[PDB]
Amino acid sequence: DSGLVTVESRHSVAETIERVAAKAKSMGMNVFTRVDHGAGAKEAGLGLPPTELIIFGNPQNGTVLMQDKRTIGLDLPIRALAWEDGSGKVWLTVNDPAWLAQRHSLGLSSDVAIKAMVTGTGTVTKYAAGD
Amino acid sequence: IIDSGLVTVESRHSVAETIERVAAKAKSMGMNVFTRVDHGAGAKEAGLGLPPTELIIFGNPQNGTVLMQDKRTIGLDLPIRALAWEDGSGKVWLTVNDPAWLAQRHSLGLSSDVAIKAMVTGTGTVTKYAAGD
Amino acid sequence: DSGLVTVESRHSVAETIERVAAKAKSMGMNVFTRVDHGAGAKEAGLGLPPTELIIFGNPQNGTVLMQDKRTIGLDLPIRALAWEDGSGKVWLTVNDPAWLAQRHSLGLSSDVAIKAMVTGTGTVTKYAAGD
Amino acid sequence: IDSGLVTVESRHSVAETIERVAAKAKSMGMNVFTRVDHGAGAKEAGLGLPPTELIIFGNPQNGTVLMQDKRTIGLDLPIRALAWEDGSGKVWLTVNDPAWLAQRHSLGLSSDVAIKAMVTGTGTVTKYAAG
Ligand SMILES: [F-]
Ligand SMILES: [F-]
C-alpha cells in the first residue's frame, strides 16, 4: 500500500488550499508554508496545471510523535497536495497517518497522537474537499 | 542506515550547522531552499521537551516538475526534505528520503528515470557534504 | 506623511488576504509568505484581533528598482496588512510606492517600475478590498 | 526628514551574513519567518543583480505590544534585514531604525519599552552578523 489518500474536491486548487488552511487554523493548527508547484514549473519554462502543497500541523501533537521516533520529523508537519488534472478535475492528496506510523515504526506511546493526527487529517480533508 | 526509504547518516556537525551546510550545498548547485521547520522550537512553544530537531525543504524545480508531469501525487513528497536531529547521547543525525523509494511509492514510469537519478545525485551530494567535513 | 494607504475591506481578514494572493498570482506576481500576527499574539499569551500580513511581488519589476538603489530590497516584496479593529471592521493597509520611491531616493531609471508597482498595488488592493 | 535606514559593512558574504542574522536571532528567542533571495529572483527574471537577500525575523511578544498600540505597524513587522553585495565585492547589511518606525506609525508613550527592546534586538543581531 502506498499510504496515499486522494479525494476529489468540489473547489478549485486555490480554494481547496485556503479551505485546508482555514479549517486547520480553526482547530488550533499552525500553517507553516505553501509551495506552489505550478508556479515553480512556470518559472522553469515547463508546463504543469495548478498544483499546490500546504504544510500545517499542531506542534503539541507532532512533538509526542517525534519523542517516540525522531525520523517522523522528516514527514511532519502534515502535508496536503491540491492539484488539477488535465481534464479540469481537482484532487486533494494526503498521507494516511497510520501508514506514516508504520513507516517510522512508531510504538504505543504515540497511539493517542496518531489518532489525533488521523482525526485532524480527516476533518480538514473532508471539509476542504466538500461543500 | 536504510529502512522504508529512510536514509540516515551520522553528522560531524551540530543540527544547526548541518542544516546550514544542506542549504549552502544545495544553493551552490542551483537548487532553491523553500523553508525550514524548527521542530525543536515548536516543542518548546508547546511546553514539551525535544532535543534540537530541524527540517529543511529544498530542490530544483526543473527536475521536480518533470517528476510531477509523470505522477502528480509525488508533489506531496516534493520538494526534497532533510531532517537533522540530535539524540540523547549528543550525536547528530541527518535523515533523507531515498528518491528511488519515493518513485516506487508514486509508481513513476520510465520517462522519469533521468530525473530520479538526478534527484538521487542531488540528495547524495548534499547529504555527503552536510554530514561530512 | 506616513505613506500608509488604508481602505475598508468588504471581507474578513482571512478572505481579504486570500483575494490579495489570488489577484497577485493572476497578474504574474509571486506570493512569498504570509505572517499571521494574530496567531503570533495568541502563542505569546497576548490579545490581538485578526491581523495578517502577506508578501508578494513581481521579481522582474522589483529587480529594476534594486538595480537603482539596492536598499529598497529591504522594503520589497510588496507587503499588505489586513486587520480587524475592535468594532469588527476590516482594513487593508499598504505602502504608497511613490513614498517608497522617495524613502530610497529612486531615480529616473526606476520610473516605469514605480508606475508598474503603483498599478500592481492599486489593482490588488481594490480587488481584495472590493466586492 | 530622515530615511530610517541603517547600513553597516559586513565582514562576511551575503549568504553568511544572513545565516548569522538567523543564528543570533534564534539564540535570543526570536522566530525566523522567511528569507527572500532577491538575487535569485533577478536571475529568474533574466536580469543582472549581485547577491541580495532579505530575512524576516522577530519577537512576536514584543511585536504584539507594538501592534496593540497602532496596528498598522504590523505592515512593517516582523523585523527585516537586507544583506547585499555591491559592484566592488563589498557586502552591506541594512535595517530599519526602530525609532523611525515608531514615528511613522505614531506610536505612543506606552510602546517606549517595546520600542527599546526592538532597538536592542536589531542592534545586537546586526553587530554579530556584520562583525
Ligand atoms: F512588484
Ligand atoms: F520584534
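Residues numbered from 1 in each chain as written, not as in the entry; some residues may be left out. Chains lettered and ligands numbered in written order. Heavy atoms only, no water. Residues with missing side-chain atoms left out of burial classes, pairs and counts.

- Determination of this PDB entry was carried out by X-ray crystallography to a resolution of 2.10 Å, according to the record.

## Some points on the pairing of strand 4 (residues 53–59) of chain B
Residues and elements named next belong to chain B.
Part 1 of the argument: Most of strand 4 is tucked away, with seven of its seven residues classed as buried.
Part 2 of the argument: Residues of strand 4 alternate between two faces, with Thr53, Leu55, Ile57 and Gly59 on one and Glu54, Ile56 and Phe58 on the opposite face, all of them buried.
Part 3 of the argument: Pairing analysis gives six bridges linking strand 3 (residues 32–38) to strand 4, with the strands arranged antiparallel. By the bridge assignment, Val33 is partnered in strand 4 with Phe58. (Buried < 20%, exposed > 50% of the residue type's maximum accessible area, 1.4 Å probe, protein only. Helix = DSSP H or I, 4+ residues; strand = E, 2+ residues; numbered from the N terminus. Pairing = 2+ DSSP bridges.)

## Brief notes about the interface of chain B and chain A
Part 1 of the argument: Between chain B and chain A, the residue contacts involve 44 residues of the former and 45 residues of the latter.
Part 2 of the argument: Buried area between chain B and chain A, both sides added, is near 3300 Å², and the carbon and sulfur share of it is 67%.
Part 3 of the argument: When the buried surface of chain B facing chain A is broken down by residue, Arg72, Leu76 and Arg105 of chain B rank first, second and third, together holding 25% of it.
Part 4 of the argument: Across the chain B-chain A interface, the total number found is two salt bridges.
Part 5 of the argument: Across the pair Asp75 of chain A and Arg81 of chain B runs a salt bridge, and its minimum N-O distance is 2.8 Å.
Part 6 of the argument: The tally of links from chain B across to chain A stands at 19 residue pairs in polar contact. (Contact = heavy atoms within 4.5 Å. Buried area = accessible area lost by both parts, 1.4 Å probe. Salt bridge = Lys/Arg side-chain N within 4 Å of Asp/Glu carboxyl O. Polar contact = N/O pair within 3.5 Å; in protein donor to acceptor, adjacent residues only side chain to side chain.)

## Examining the environment of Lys23 of chain C
Part 1 of the argument: Within the secondary structure layout, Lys23 of chain C lies in helix 1 (residues 13–26).
Part 2 of the argument: Dropping the residues within four chain positions of it, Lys23 of chain C is found in contact with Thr123, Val124 and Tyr127 of chain C.

## A short note on the environment of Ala41 of chain A
Part 1 of the argument: Secondary-structure assignment places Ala41 of chain A in helix 2 (residues 37–43).
Part 2 of the argument: You can call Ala41 of chain A buried: its relative accessible area is 0%.
Part 3 of the argument: Distance from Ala41 of chain A to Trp91 of chain A, taken between C-alpha atoms, is 19 Å for residues 50 residues apart in sequence.
Part 4 of the argument: Apart from residues no more than four positions distant in its own chain, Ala41 of chain A is found in contact with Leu46 and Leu48 of chain A together with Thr65 of chain B.

## Digging into the UniProt feature "domain: DUF302" (unreviewed entry) in chain B
Part 1 of the argument: Here the UniProt feature "domain: DUF302" (unreviewed entry) sits at residues 37–99 of chain B.
Part 2 of the argument: A distance of 21 Å separates the end C-alpha atoms of residues 37–99 of chain B, which is 29% helix and 35% strand. (UniProt positions renumbered as here; feature names shortened; annotations may be inferred.)

## As for the packing of aromatic side chains
Part 1 of the argument: Summed over all chains, the structure comprises six aromatic pairs over all chains.
Part 2 of the argument: Ring centres of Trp83 of chain C and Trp91 of chain C lie 6.2 Å apart, and the angle between their planes is 25 degrees; on these two criteria the pair is classed as stacked.
Part 3 of the argument: Residue classification places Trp91 of chain C among the partly exposed positions, given a relative accessible area of 22%.
Part 4 of the argument: The ring centre of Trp99 of chain A lies 4.0 Å from the NZ or CZ of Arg105 of chain B, which sits over that ring. (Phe/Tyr/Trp six-rings, centres within 6.5 Å; stacked < 30°, edge-to-face > 60°. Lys NZ or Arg CZ within 6 Å of the ring centre and 35° of its normal.)

## Thoughts on the sheet that holds strand 2 (residues 30–36) of chain C
Residues and elements named next belong to chain C.
Part 1 of the argument: Read from one edge of the open sheet, five strands run 1-5-4-3-2, paired in antiparallel fashion. Two strands lie at the open edges of the sheet, namely strand 1 (4–8) and strand 2, each paired on one side alone. Within this sheet the neighbouring strands show an average axis-to-axis angle of 20 degrees, counted without direction.
Part 2 of the argument: By the bridge criterion, five bridges tie strand 1 to strand 5 (residues 90–95) in an arrangement that is antiparallel. Bridging from a neighbouring strand, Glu8 pairs with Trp91 of strand 5.
Part 3 of the argument: Seen against the sheet, helix 1 touches strand 2, strand 3 (51–57), strand 4 (78–84) and strand 5 and runs at an angle of roughly 5 degrees to strand 3.
Part 4 of the argument: Along the sheet, helix 5 (residues 111–129) makes contact with strand 1, strand 3, strand 4 and strand 5, crossing strand 5 at roughly 175 degrees. (Axes fitted to C-alpha atoms, helices over the stretch in contact; angles between N-to-C directions.)

## Brief notes about the pattern of salt bridges
Part 1 of the argument: Under the defined criterion, the tally for this structure stands at 25 salt bridges over all chains.
Part 2 of the argument: With a closest N to O distance of 2.9 Å, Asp77 of chain B and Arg79 of chain A form a salt bridge. Taken together, the positions of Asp77 of chain B in the loop between helix 3 (61–70) and strand 5 (80–86) and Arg79 of chain A in strand 4 (residues 78–84) put the pair across two chains. In this structure, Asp77 of chain B and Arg79 of chain A share a single accessibility class: buried.
Part 3 of the argument: Here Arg12 of chain B and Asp133 of chain B are joined by a salt bridge, their closest N and O atoms 3.2 Å apart. Taken as a pair, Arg12 of chain B in the loop between strand 2 (6–11) and helix 1 (15–28) and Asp133 of chain B in the segment after helix 5 (113–131) lie far apart in primary sequence, 121 residues in all.

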